[PDB]
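Worksheet: one structure, shown below.
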Amino acid sequence: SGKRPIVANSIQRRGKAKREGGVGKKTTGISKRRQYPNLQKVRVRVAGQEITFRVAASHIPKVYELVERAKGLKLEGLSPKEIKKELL
RNA sequence: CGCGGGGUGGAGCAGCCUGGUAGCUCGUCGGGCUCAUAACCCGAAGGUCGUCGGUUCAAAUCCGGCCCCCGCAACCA
RNA sequence: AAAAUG
RNA sequence: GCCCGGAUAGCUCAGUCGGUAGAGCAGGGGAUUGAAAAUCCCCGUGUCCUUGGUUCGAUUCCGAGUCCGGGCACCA
RNA sequence: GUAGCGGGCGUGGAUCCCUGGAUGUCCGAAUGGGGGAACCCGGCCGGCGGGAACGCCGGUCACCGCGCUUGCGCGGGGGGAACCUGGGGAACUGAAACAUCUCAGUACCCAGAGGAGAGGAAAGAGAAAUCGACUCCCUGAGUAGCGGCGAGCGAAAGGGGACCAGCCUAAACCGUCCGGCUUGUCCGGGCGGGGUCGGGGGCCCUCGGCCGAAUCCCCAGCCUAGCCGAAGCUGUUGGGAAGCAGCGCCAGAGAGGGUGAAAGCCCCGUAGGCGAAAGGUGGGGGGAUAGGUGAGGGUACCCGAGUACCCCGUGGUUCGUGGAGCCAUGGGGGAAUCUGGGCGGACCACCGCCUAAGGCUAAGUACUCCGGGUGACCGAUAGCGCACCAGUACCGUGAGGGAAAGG
RNA sequence: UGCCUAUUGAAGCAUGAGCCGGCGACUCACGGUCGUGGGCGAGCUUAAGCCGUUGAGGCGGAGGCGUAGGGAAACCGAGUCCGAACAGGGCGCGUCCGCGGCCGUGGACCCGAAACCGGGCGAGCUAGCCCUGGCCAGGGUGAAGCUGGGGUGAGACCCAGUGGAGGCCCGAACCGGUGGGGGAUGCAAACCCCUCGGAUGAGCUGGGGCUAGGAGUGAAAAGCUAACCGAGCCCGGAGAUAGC
RNA sequence: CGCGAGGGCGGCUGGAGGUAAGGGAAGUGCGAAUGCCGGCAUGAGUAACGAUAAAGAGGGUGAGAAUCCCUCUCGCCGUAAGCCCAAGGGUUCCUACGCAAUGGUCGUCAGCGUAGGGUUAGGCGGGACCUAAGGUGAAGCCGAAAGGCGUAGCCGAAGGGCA
RNA sequence: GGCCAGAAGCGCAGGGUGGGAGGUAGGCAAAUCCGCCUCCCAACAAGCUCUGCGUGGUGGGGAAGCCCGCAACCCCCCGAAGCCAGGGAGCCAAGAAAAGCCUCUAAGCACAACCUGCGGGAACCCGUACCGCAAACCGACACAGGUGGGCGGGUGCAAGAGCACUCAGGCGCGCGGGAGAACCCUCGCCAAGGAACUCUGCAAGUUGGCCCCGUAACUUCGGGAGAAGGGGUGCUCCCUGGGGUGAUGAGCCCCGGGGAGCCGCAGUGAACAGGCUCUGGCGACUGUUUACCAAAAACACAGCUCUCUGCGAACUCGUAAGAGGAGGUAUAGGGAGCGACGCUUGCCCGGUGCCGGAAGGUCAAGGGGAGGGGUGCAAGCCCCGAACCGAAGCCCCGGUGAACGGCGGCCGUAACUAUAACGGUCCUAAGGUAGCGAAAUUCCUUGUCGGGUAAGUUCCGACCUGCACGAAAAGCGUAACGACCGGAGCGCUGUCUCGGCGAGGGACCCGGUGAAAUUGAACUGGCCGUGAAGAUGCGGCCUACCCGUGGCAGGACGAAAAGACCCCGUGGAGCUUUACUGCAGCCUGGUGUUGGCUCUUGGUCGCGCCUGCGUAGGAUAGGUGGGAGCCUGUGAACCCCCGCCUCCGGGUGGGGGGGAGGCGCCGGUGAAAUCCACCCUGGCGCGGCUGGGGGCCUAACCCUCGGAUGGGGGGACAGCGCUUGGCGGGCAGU
RNA sequence: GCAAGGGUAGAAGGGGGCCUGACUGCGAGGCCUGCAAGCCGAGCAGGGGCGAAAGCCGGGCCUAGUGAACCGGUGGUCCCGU
């Protein structure tokens with residue numbers, strides 16, 4: 001949907017199998033349909049000033065580490081690029 | 001013409017695919033109660049199971065043949 | 001506080 | 001095909017962390033009753049599924065066998 | 001583009017052809033704002049007309065992304081016949097029905113790249129005391145395998161060739177500048193130095209020896225106009241000789257076209273050989289910067305994290321759940337730094353291979369808008385839809401469709 | 001008793017053809033299998049590429065057939081497999097070109113669908129809705145209200161007059177389309193004449209806007225969505241597939 | 001001359017290419033696919049000539065006129081079949097010459113052909129004014145990419161406003 | 001022919017508007033401007049403003065008339081849909097925005113700037129021909145079609161934009177000329193008869209305007225009403241009543257009334273211009289619909305009912321953001337069915353659906369690990385995996401009909417017979433009530449009676465064995481309405497017996513221009529046969545000079561559409577469902593986002609003490625083991641008050657007096673006691689680790705709050721990611 | 001044993017005693033036949049039964065009582081096992 005640090009979201013398939021297991025008798029497959037795995041997003045408000053990121057919430061922590069950096073710069077309204085960028 | 005359901009004591013229903021035991025209510029018959037009739041009470045009887053045969057040790061029961069009984073279909077031109 | 005007809 | 005509970009009086013079902021076999025109903029004998037019920041009494045009958053083994057002994061405890069009932073999954 | 005007037009210019013070297021420059025309305029990424037493209041309306045500075053109203057004229061004013069104290073300086077935007085990479089991604093059909101499968105990761109849509117794009121220096125391959133970036137071709141091989149084990153799909157290693165190339169960083173460790181803080185000899189942000197690995201690097205003591213750009217330059221050479229180029233006369237039939245008849249000749253040139261018909265020697269040419277003030281291009285051969293140059297002995301300081309790894313859901317591979325690894329990765333859990341970590345088809349144990357989680361990297365390869373050359377290629381119902389004033393006329397609201405016609 | 005086609009059977013009243021002239025259909029690539037014309041033979045043969053040529057051909061053995069077969073395999077071997085077996089029984093000997101026939105994969109002898117799918121173009125027709133404007137001659141009926149009179153204890157209510165209501169009436173414009181005739185290679189790809197319905201309303205109409213293809217809109221017929229809509233048009237997949 | 005497909009000979013036409021023996025290659029042979037493209041036939045001098053509002057005559061011009069100009073009669077529209085404005089259309093406007101074709105006939109005519117003219121605004125209508133629906137769109141929100149919403153602002157008229 | 005324009009100033013009509021004087025929690029405190037309060041005056045005005053109309057200095061224009069070219073302009077009457085305009089009254093559905101324009105203060109400035117006057121100047125861009133209800137636009141055409149707005153004269157008729165004629169202005173429709181047949185179209189008339197026509201009075205006719213009489217059932221009371229059925233209408237002359245403008249008298253128009261008298265076949269003398277009635281069906285009604293075969297009894301409709309929805313509503317669109325719902329809030333929104341109004345709307349929850357049920361049953365991940373397996377020398381690394389704990393769903397229990405739906409059979413019976421109020425029995429979840437009823441429903445069927453008719457498969461009234469009505473897919477009625485469907489009458493008539501005549505436009509002839517489908521080739525006859533069974537084309541026979549023109553339709557299996565019916569193809573589409581398989585969507589557990597603090601109860605391994613009342617028997621012996629040859633004192637023997645087991649018998653610990661005491665076989669019992677153990681059964685009590693359920697809070701997340709580094713509300717839930725299972729024709733492929 | 005047919009007492013019928021050949025390895029030669037299936041079968045080997053023996057015995061008087069492959073399940077074993 002976005003990603004911030006991390007990165008985007010794949011597009012998985014499917015498996016409708018109706019069968020034994022291969023540990024009794026065979027096991028056939030009903031249908032493959034195109035699924036879409038959205039990237040478990042989630043939002044973060046942070047103190048750098050009054051900032052907001054949309055961390056892939058598996059990296060939420062990275063938000064802070066990135067906050068744990070006093071790059072020495074007053075207002076700019078966003079000051080995210082530096083953050084989200086002078087990041088790594 | 002074709003399907004499918006059904007003929008069991010007097011009437012109305014079981015029992016039949018799971019073969020040997022015919023069950024129920026009503027009424028018929030006898031005896032009580034009552035002045036008497038009902039009602040109520042006690043006790044009995046009564047069926048070639050539609051027919052003509054087949055298979056079987058044994059056929060209401062299973063398989064075919066008609067006889068009436070009941071239902072459902074009989075559409076396109 | 002009470003179980004039809006002739 | 002796996003996982004569960006089962007088999008006890010005619011019938012429907014109980015139960016000790018081994019010591020008797022018991023209820024409810026049907027059924028029969030009696031009282032009471034206008035009638036028919038409901039009440040009230042006394043019973044009646046058991047290989048506790050079949051086998052072993054456990055124990056001094058087993059309804060019961062465990063192995064195994066057959067019938068019965070419940071639950072779940074397959075099906076080329 | 002010839003046909004015409006009407007005028008003119010050229011050996012005082014025109015026209016023409018190559019190179020560079022100049023001017024280049026308006027619309028179009030369109031960029032002052034608007035807008036029904038090619039039109040309308042404005043800010044600021046300056047200049048024209050008597051010029052204050054009006055009106056011309058020249059500059060200049062989009063937005064977005066990177067780097068300096070507020071202004072700035074570099075960049076971007078759109079287009080391109082295919083070819084290329086990525087992100088998305090069908091059905092018809094096939095299976096003589098059909099759902100897995102097939103067609104197919106194709107058609108198409110989107111973003112991006114460029115003369116190519118991609119890939120690329122091993123956490124590789126796979127059984128070889130082995131190999132040694134990648135890409136392309138030939139094999140390997142319709143093999144191995146995959147598969148309602150149907151239809152059907154289908155590798156890789158190894159072997160031949162083409163090409164040939166290797167490299168920077170992150171972290172230890174040292175210095176420096178800056179802004180925060182619990183004003184602690186501390187925390188992290190930015191530069192510089194170091195350091196790049198199958199085993200190395202940092203830091204301490206012990207011994208010091210050069211190759212070389214993928215970037216900058218220069219010339220060659222090659223494009224972009226051109227010049228030189230051999231050798232035949234007479235007669236004859238004919239409307240017209242290049243034919244025919246008789247004597248010749250050139251040839252590094254007997255390719256071709258053209259001239260009234262069939263010419264080596266008529267014209268343009270052909271073989272062969274010269275040419276650039278100018279602008280492109282250009283290691284093919286050479287110059288110069290950048291950068292890179294050793295061996296032992298000790299700590300046990302560094303070696304890329306929400307990563308590996310395990311689990312759930314999927315994709316790629318010949319692999320369709322299979323005994324199913326490996327490579328990718330949305331979700332959850334979640335390490336270690338060489339007594340580290342991955343791989344060699346579940347899992348162990350041996351044996352061996354390789355160093356993940358940062359990046360760049362020529363060439364050989366693909367394509368044909370464009371220029372040239374050939375054709376047991378077409379010759380005007382063919383060949384391109386167009387040999388001609390065609391993507392036109394005409395048709396359709398539009399997307400779009402789409403002729404005929406040569407002598 | 002025509003030609004062709006299709007047929008058990010056609011002059012056939014079965015299909016096709018007006019006539020002529022052009023265009024018009026068994027191909028090519030790669031595998032494979034027979035046959036055949038050749039080279040060479042226990043052997044035969046090169047791929048890609050390098051070198052020359054500029055309509056010279058060389059080189060190149062990686063590789064590929066063939067020389068041994070049996071067996072699922074281990075494995076063995078002129079044998080082998082099954083088996084205890086010295087029974088038995090099943091299997092048990094060429095390449096490279098060219099040309100031809102036919103097979104496999106490619107449309108693959110040639111035309112022809114109805115349809116499926118992707119991406120765009122369309123509401124200048126038609127349906128709905130939104131903004132802003134217009135339009136509806138003349139007649140008719142005569143609601144509520146007011147006002148006056150009457151009525152009653154007060155009221156209700158009743159009366160005249162006034163008044164002018166309404167998916168009200170007749171009927172033009174305007175909108176529509178009932179019945180009939182005509183029209184039927186039309187004046188016209190829906191028209192003309194007569195006759196009909198509505199006509200202050202759920203009205204009609206100009207201009208400016210919005211909604212779209214399994215979607216829109218729909219006082220609902222599967223109607224309308226640019227003259228054929230039970231799923232638009234255009235281009236593409238595409239030479240879909242066609243046991244006809 | 002060949003069984004035949006064809007092959008030679010000869011005569012007119014034509015006027016610039018052609019191609020032996022013997023061989024090799026194919027876009028290689030048509031009468032039919034309601035085939036495709038073009039040409040020309042049949043029906044056929046047939047149906048039609050587009051509203052039943054209607055014509056007649058005298059002069060003109062002219063190569064030639066029922067069909068053009070003029071005149072006098074007759075008839076038809078007259079909430080039009082008449083005037084004015086929007087839209088759309090783009091020179092069809094006026095003038096001089098003209099008739100091949102275009103007019104369903106004719107044509108001296110024309111809305112046709114060639115040429116030359118013609119459109120004049122502070123007050124009319126638009127813009128250097130205003131907003132509507134709705135568009136667009138700094139911010140801002142959202143989407144795999146395209147892109148979807150959207151504040152302000154801007155655009156948008158037959159409505160407001162102005163001599 | 002007797003007008004047009006025209007400033008200021010005059011008049012005449014209007015439209016706008018109270019004037020004061022003080023205060024002030026508002027207009028995002030800036031206004032002396034608004035807005036609100038308070039009190040002197042004033043009031044169906046005046047004044048002040050602003051329009052329209054006349055008037056206006058003055059300019060302009062100005063026919064019919066001959067040769068080929070002359071110069072007024074006044075007076076009444078009618079009179080708007082236009083103007084004054086933002087006028088008035090009434091009503092419910094409650095009726096744009098912004099700028100210009102006034103006014104108020106801000107910043108700033110007052111040497112600016114505005115306001116009124118007067119003179120000089122300045123004043124860009126675009127459109128402007130022409131067609132424009134059509135031959136110039138849209139329809140391939142010089143197409144009988146389509147196209148928005150304004151003006152649109154006069155007379156006549158009740159009125160009018162109607163109808164007839166006609167001004168101005170413009171047309172006579174881009175082939176003509178003759179004939180004078182059939183037939184076709186369009187049009188007129190008709191003896192006698194009058195629906196006999198025919199599916200049907202289809203069509204055509206009759207009637208038609210206005211004034212006056214006069215009009216029934218039925219009714220929701222409005223209406224049925226133009227009900228029906230009649231009479232009048234022209235022209236001349238006489239008298240007379242009110243109106244409007246004048247002026248109160250005259251012309252001028254506007255509505256009437258009463259008498260005479262004239263003419264025709266006829267007076268709305270032509271054109272416009274209803275025929276009517278009785279009775280059924282359906283639908284309440286006006287409306288809407290299949291553009292191009294269906295205008296309806298179909299859709300809609302007010303109205304009734306069921307149902308969802310508490311607001312960040314439900315529901316719809318969208319992946320999302322967001323939007324619609326609605327700037328609404330249950331007297332509101334969404335979905336469904338029925339369909340004004342009247343009288344009503346029965347019985348059945350067995351099966352399906354929906355709603356309700358903190359129990360049980362079953363149940364996926366996941367939790368859990370008894371136990372087993374593969375490996376190594378090992379520790380280990382890996383694997384399978386039982387109990388048990390586990391949602392929604394389903395099973396199960398129950399409600400529910402204006403939820404889907406459903407709503408019986410066979411026998412007998414009365415004192416003539418008939419029939420059956422009564423009875424018997426089988427089945428059911430329950431057995432169709434009211435009202436209708438051979439019906440838009442009835443097969444038999446033209447049912448059977450009545451009515452209507454000379455005659456009636458239709459129609460109307462009746463009766464029921466209702467093949468197969470019936471209550472909200474409503475039932476039965478119903479005034480009014482209908483281009484709706486059926487049956488009758490009257491009137492009128494060519495629809496008809498039965499056809500005839502006449503007019504025009506074609507057809508026909510001449511001149512000019514000149515198509516189309518179709519077409520194997522044609523030299524293309526009849527009858528009998530024959531043949532693939534319907535022959536111009538074979539056979540036999542029979543007829544027949546050659547070629548045209550006007551006409552008719554029997555044939556050429558005539559034309560046109562590769563049959564729409566039927567079947568076939570392992571063709572296609574749309575639709576359905578409890579067909580298969582999916583997907584959207586919705587439900588659901590486990591995780592992530594995700595945090596504090598309590599309460600509580602489970603399951604687990606520990607550990608800590610109890611726990612165990614057969615029959616003999618010192619008596620509440622658990623089990624086998626060790627056992628001699630056993631321990632109290634810090635002191636038992638006995639005692640009380642006490643928490644605790646239990647069946648009571650019989651106990652498990654407390655404490656002080658007290659102070660000696662106390663054992664092991666015993667004798668029996670299947671088995672023997674002191675004490676130590678390890679352990680079976682069950683319970684209790686602290687600890688580990690996991691769980692579940694209840695509350696409280698805030699800080700994430702969410703919603704809001706005069707613009708918040710915040711305050712309220714909600715709150716670890718919701719939402720969202722990943723994963724589990726389920727529902728699932730809403731959609732897709734088959 | 002059960003449908004019909006053919007066959008049959010010089011037994012295929014009825015009874016009795018011992019048995020388990022309702023074997024393992026094979027299989028000449030044929031029947032039938034598109035394929036692939038189905039059917040008969042002497043004989044050899046091994047190790048057995050019944051009979052003194054000759055001998056008979058690879059199910060049943062005979063013809064129906066059945067289903068390719070693929071995919072799996074249970075066993076077993078000389079095989080394979082990246």
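So you can find residues: chains in the structure tokens are A, B, ... in the order shown, residues in each start at 1, and ligands are numbered from 1 in order.
The residues of chain I lying at most 8 Å from chain A, with only C-alpha atoms (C1' of nucleotides) taken into account, are residues 71, 72 and 73 of chain I.
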Near-residue 700 in chain H list (9 Å; only C-alpha atoms (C1' of nucleotides); drop same-chain fewer than 5 positions) as a PDB file with N, CA and C atoms (P, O5', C5', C4', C3', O3' and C1' of nucleotides), in the first residue's frame:
ATOM      1  P     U H 594       1.167  -0.875  19.103  1.00  0.00           P
ATOM      2  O5'   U H 594       0.932  -2.126  20.070  1.00  0.00           O
ATOM      3  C5'   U H 594       1.257  -2.037  21.467  1.00  0.00           C
ATOM      4  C4'   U H 594       0.770  -3.254  22.202  1.00  0.00           C
ATOM      5  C3'   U H 594       1.224  -4.588  21.627  1.00  0.00           C
ATOM      6  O3'   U H 594       1.375  -5.532  22.691  1.00  0.00           O
ATOM      7  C1'   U H 594      -1.123  -4.534  21.725  1.00  0.00           C
ATOM      8  P     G H 595       2.608  -5.414  23.703  1.00  0.00           P
ATOM      9  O5'   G H 595       2.270  -4.093  24.521  1.00  0.00           O
ATOM     10  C5'   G H 595       1.151  -4.061  25.397  1.00  0.00           C
ATOM     11  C4'   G H 595       1.321  -2.967  26.409  1.00  0.00           C
ATOM     12  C3'   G H 595       0.867  -3.369  27.793  1.00  0.00           C
ATOM     13  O3'   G H 595       1.917  -4.014  28.483  1.00  0.00           O
ATOM     14  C1'   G H 595      -0.208  -1.356  27.204  1.00  0.00           C
ATOM     15  P     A H 716     -11.273  -2.246  26.293  1.00  0.00           P
ATOM     16  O5'   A H 716      -9.707  -2.255  26.029  1.00  0.00           O
ATOM     17  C5'   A H 716      -8.982  -3.477  25.994  1.00  0.00           C
ATOM     18  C4'   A H 716      -8.694  -3.867  24.572  1.00  0.00           C
ATOM     19  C3'   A H 716      -7.610  -4.922  24.474  1.00  0.00           C
ATOM     20  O3'   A H 716      -7.972  -6.042  23.633  1.00  0.00           O
ATOM     21  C1'   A H 716      -6.827  -2.794  23.646  1.00  0.00           C
TER      22        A H 716
END
Where does chain G meet chain A within 12 Å, residue by residue, with the nearest atom pair and distance in Å to one decimal for each, counting only C-alpha atoms (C1' of nucleotides), listed by chain and rising number, as a Markdown table?
| residue | atom | partner | partner_atom | distance |
| --- | --- | --- | --- | --- |
| G:142 | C1' | A:1 | CA | 9.0 |
| G:143 | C1' | A:1 | CA | 7.2 |
| G:144 | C1' | A:9 | CA | 8.1 |
Exercise: residue 32 in chain F partners within 12 Å, only C-alpha atoms (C1' of nucleotides), chain neighbours under 4 positions left out, as a list in words = residues 102, 103, 104 and 105 of chain F
Give me a file of those residues, with C-alpha atoms (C1' of nucleotides), as a PDB file, in the first residue's frame.
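Output contents, as saved in again_12.pdb:
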ATOM      1  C1'   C F 102       3.440 -40.801 -46.482  1.00  0.00           C
ATOM      2  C1'   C F 103       3.480 -39.626 -40.733  1.00  0.00           C
ATOM      3  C1'   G F 104       4.482 -35.945 -36.370  1.00  0.00           C
ATOM      4  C1'   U F 105       4.602 -30.237 -34.783  1.00  0.00           C
TER       5        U F 105
END
message = Using only C-alpha atoms (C1' of nucleotides) and a cut-off of 12 Å, which residues of chain H sit close to chain A? Please list them as a ChimeraX atom specification.
response = /H:319-321,384,580-583,592-593,700-701,709,719-723,733
key: Contacts of residue 69 in chain D at 12 Å (only C-alpha atoms (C1' of nucleotides); same-chain gap of 4+ positions) as a list in words   =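 Residues meeting the cut-off are residues 4, 5, 6 and 7 of chain D.
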task = Check every residue of chain E for an atom within 9 Å of chain A, counting only C-alpha atoms (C1' of nucleotides), and provide those that qualify as a list in words.
result =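 That gives residues 99, 100, 148, 179, 180, 188, 189, 306, 313, 314, 315, 320, 321, 322, 329, 330 and 331 of chain E for chain E.
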request  = Find the residues near residue 30 in chain B: any atom within 12 Å, counting only C-alpha atoms (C1' of nucleotides), skip ones fewer than 5 places away on the same chain, and give them as a list in words.
outcome  =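 Returned residues: residues 42, 43, 44 and 45 of chain B.
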Selection to disk with N, CA, C and O atoms (P, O5', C5', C4', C3', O3' and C1' of nucleotides), as a PDB file, in the first residue's frame:
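As a result, part.pdb now contains:
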ATOM      1  P     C B  42     -65.060 -54.349  31.101  1.00  0.00           P
ATOM      2  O5'   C B  42     -65.549 -55.850  31.253  1.00  0.00           O
ATOM      3  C5'   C B  42     -65.485 -56.500  32.526  1.00  0.00           C
ATOM      4  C4'   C B  42     -66.145 -57.843  32.452  1.00  0.00           C
ATOM      5  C3'   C B  42     -65.678 -58.712  31.299  1.00  0.00           C
ATOM      6  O3'   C B  42     -64.500 -59.428  31.669  1.00  0.00           O
ATOM      7  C1'   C B  42     -68.050 -58.693  31.387  1.00  0.00           C
ATOM      8  P     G B  43     -63.536 -60.032  30.535  1.00  0.00           P
ATOM      9  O5'   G B  43     -64.488 -60.992  29.697  1.00  0.00           O
ATOM     10  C5'   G B  43     -64.940 -62.220  30.274  1.00  0.00           C
ATOM     11  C4'   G B  43     -65.817 -62.972  29.311  1.00  0.00           C
ATOM     12  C3'   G B  43     -65.266 -63.234  27.919  1.00  0.00           C
ATOM     13  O3'   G B  43     -64.349 -64.323  27.912  1.00  0.00           O
ATOM     14  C1'   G B  43     -67.554 -62.610  27.798  1.00  0.00           C
ATOM     15  P     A B  44     -63.539 -64.660  26.571  1.00  0.00           P
ATOM     16  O5'   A B  44     -64.640 -65.399  25.699  1.00  0.00           O
ATOM     17  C5'   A B  44     -64.429 -65.657  24.320  1.00  0.00           C
ATOM     18  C4'   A B  44     -65.728 -66.044  23.669  1.00  0.00           C
ATOM     19  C3'   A B  44     -65.648 -66.115  22.159  1.00  0.00           C
ATOM     20  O3'   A B  44     -65.184 -67.398  21.795  1.00  0.00           O
ATOM     21  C1'   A B  44     -67.528 -64.828  22.800  1.00  0.00           C
ATOM     22  P     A B  45     -64.044 -67.524  20.686  1.00  0.00           P
ATOM     23  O5'   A B  45     -64.885 -67.467  19.333  1.00  0.00           O
ATOM     24  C5'   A B  45     -66.068 -68.273  19.196  1.00  0.00           C
ATOM     25  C4'   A B  45     -67.013 -67.679  18.175  1.00  0.00           C
ATOM     26  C3'   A B  45     -66.480 -67.513  16.770  1.00  0.00           C
ATOM     27  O3'   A B  45     -66.584 -68.766  16.112  1.00  0.00           O
ATOM     28  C1'   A B  45     -67.748 -65.591  17.400  1.00  0.00           C
TER      29        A B  45
END
ask   = residue 53 in chain G: which residues within 8 Å, counting only C-alpha atoms (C1' of nucleotides), same-chain residues fewer than 3 positions away excluded, as an MDAnalysis selection string?
value = (chainID G and resid 75:76) or (chainID H and resid 172)
Neighbouring residues of range 51-63 of chain B were defined as those with any atom within 7 Å, considering only C-alpha atoms (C1' of nucleotides); residues of the same chain fewer than 5 positions away were excluded. Please report them as a PDB file with C-alpha atoms (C1' of nucleotides), in the first residue's frame.
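Writing the result to around.pdb gives the following:
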ATOM      1  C1'   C B  16     -46.254 -58.137   2.600  1.00  0.00           C
ATOM      2  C1'   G B  19     -41.512 -65.968   3.853  1.00  0.00           C
ATOM      3  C1'   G B  20     -43.508 -69.971   9.059  1.00  0.00           C
TER       4        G B  20
END
List every residue of chain A that DSSP, applied to the backbone of this structure, places in helix (DSSP H, G or I), and write the result as a short mmCIF file (atom, residue, chain, number, x, y, z; two decimals) with N, CA, C and O atoms, in the first residue's frame.
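Writing the result to selection03.cif gives the following:
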data_model
loop_
_atom_site.label_atom_id
_atom_site.label_comp_id
_atom_site.auth_asym_id
_atom_site.auth_seq_id
_atom_site.Cartn_x
_atom_site.Cartn_y
_atom_site.Cartn_z
N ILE A 60 8.74 -1.35 12.96
CA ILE A 60 8.37 -0.24 13.81
C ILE A 60 9.62 0.26 14.55
O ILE A 60 9.94 1.46 14.51
N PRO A 61 10.37 -0.65 15.21
CA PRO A 61 11.57 -0.26 15.92
C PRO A 61 12.47 0.70 15.15
O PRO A 61 12.90 1.74 15.66
N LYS A 62 12.74 0.34 13.90
CA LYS A 62 13.59 1.18 13.07
C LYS A 62 13.12 2.61 13.14
O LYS A 62 13.90 3.53 12.95
N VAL A 63 11.84 2.81 13.42
CA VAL A 63 11.34 4.17 13.51
C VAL A 63 12.15 4.90 14.55
O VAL A 63 12.72 5.97 14.27
N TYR A 64 12.19 4.32 15.75
CA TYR A 64 12.90 4.92 16.87
C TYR A 64 14.39 5.11 16.60
O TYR A 64 14.88 6.22 16.69
N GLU A 65 15.09 4.02 16.27
CA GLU A 65 16.51 4.12 15.99
C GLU A 65 16.72 5.38 15.16
O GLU A 65 17.56 6.22 15.47
N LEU A 66 15.91 5.51 14.11
CA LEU A 66 15.99 6.67 13.24
C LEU A 66 15.67 7.95 14.02
O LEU A 66 16.11 9.04 13.65
N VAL A 67 14.89 7.83 15.09
CA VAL A 67 14.58 9.01 15.90
C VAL A 67 15.80 9.28 16.78
O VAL A 67 16.14 10.43 17.04
N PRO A 80 11.35 14.63 7.41
CA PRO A 80 11.23 13.18 7.30
C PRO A 80 12.34 12.68 6.40
O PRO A 80 13.08 11.77 6.75
N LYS A 81 12.47 13.30 5.23
CA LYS A 81 13.51 12.93 4.27
C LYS A 81 14.80 12.72 5.05
O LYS A 81 15.30 11.61 5.13
N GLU A 82 15.34 13.78 5.64
CA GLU A 82 16.55 13.64 6.44
C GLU A 82 16.36 12.34 7.18
O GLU A 82 17.07 11.37 6.96
N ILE A 83 15.35 12.31 8.05
CA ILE A 83 15.07 11.10 8.81
C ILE A 83 15.00 9.87 7.89
O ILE A 83 15.97 9.12 7.74
N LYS A 84 13.85 9.69 7.26
CA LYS A 84 13.58 8.57 6.37
C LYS A 84 14.64 8.40 5.30
O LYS A 84 14.63 7.40 4.58
N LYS A 85 15.55 9.36 5.17
CA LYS A 85 16.56 9.27 4.13
C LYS A 85 17.98 9.31 4.63
O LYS A 85 18.74 8.39 4.35
N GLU A 86 18.36 10.36 5.34
CA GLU A 86 19.72 10.37 5.86
C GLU A 86 19.83 9.09 6.69
O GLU A 86 20.89 8.74 7.21
#
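Between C1' of residue 46 in chain F and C1' of residue 61 in chain F there is a distance of 7.2 Å.
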